[PDB]
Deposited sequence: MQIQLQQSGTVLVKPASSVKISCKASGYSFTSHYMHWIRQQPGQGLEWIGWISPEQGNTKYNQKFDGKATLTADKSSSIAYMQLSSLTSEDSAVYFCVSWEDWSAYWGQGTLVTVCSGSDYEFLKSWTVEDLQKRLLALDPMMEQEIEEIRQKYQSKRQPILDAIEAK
């Protein structure tokens, strides 16, 4: 039972840098490479690069050169990826994968969201009013989603009922 549990959700400000981890169990950590995959929101899969935990050797996708640095601690059987100079294009879900005999074991994924002055005019008590006013906004945005899916649901619910 090979398993890879990944780092939790991180939310960062632009131009900072973050490190996420992939904890490997169930196989000889140094025997197989650890690849990393990036999936942007609503997009496909991209292979960032791999590391060999035995010697720390790294190979990279040319697109991520200078964006991702891969590290490994055979002491702790943990793999690491650091993403530096974060921009909105780097908001994504990042997976770690390792292969044993044509079986691929995927981590559950780490969600990296990079956020993208008007506010000094406001008093801070005025600003906290603004803060609580966002939730009715978000709920209305969420409700539009719920409304779309309630309509997608309705034919199924009617067909169940007609049975």
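According to the record, the deposited residues with no C-alpha atom in the structure span 1, 118-121.
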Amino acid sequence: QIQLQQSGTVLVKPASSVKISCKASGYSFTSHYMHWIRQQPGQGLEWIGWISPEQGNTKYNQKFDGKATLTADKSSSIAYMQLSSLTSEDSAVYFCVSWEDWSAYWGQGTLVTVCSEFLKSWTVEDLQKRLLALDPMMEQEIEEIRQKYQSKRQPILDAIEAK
From here on, numbers count along this sequence of modelled residues.
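96-104 and 35-43 differ in mean CA B-factor, and the higher of the two is recorded for 96-104. When the C-alpha B-factors of 85-93 and 70-78 are averaged, 70-78 comes out higher. Take 111, 137, 48, 51 and read off each C-alpha B-factor from the entry; 137 has the highest. Remark: residue 120 belongs to the highest third of its chain, ranked by C-alpha B-factor as recorded. Looking at the C-alpha B-factors along this chain, the one for residue 61 belongs to the lowest third. Residue-level temperature factors show residue 13 in the highest third of its chain, judged at the C-alpha atom. In the deposited entry, the Cα temperature factor of residue 156 places it in the lowest third of its chain's modelled residues.
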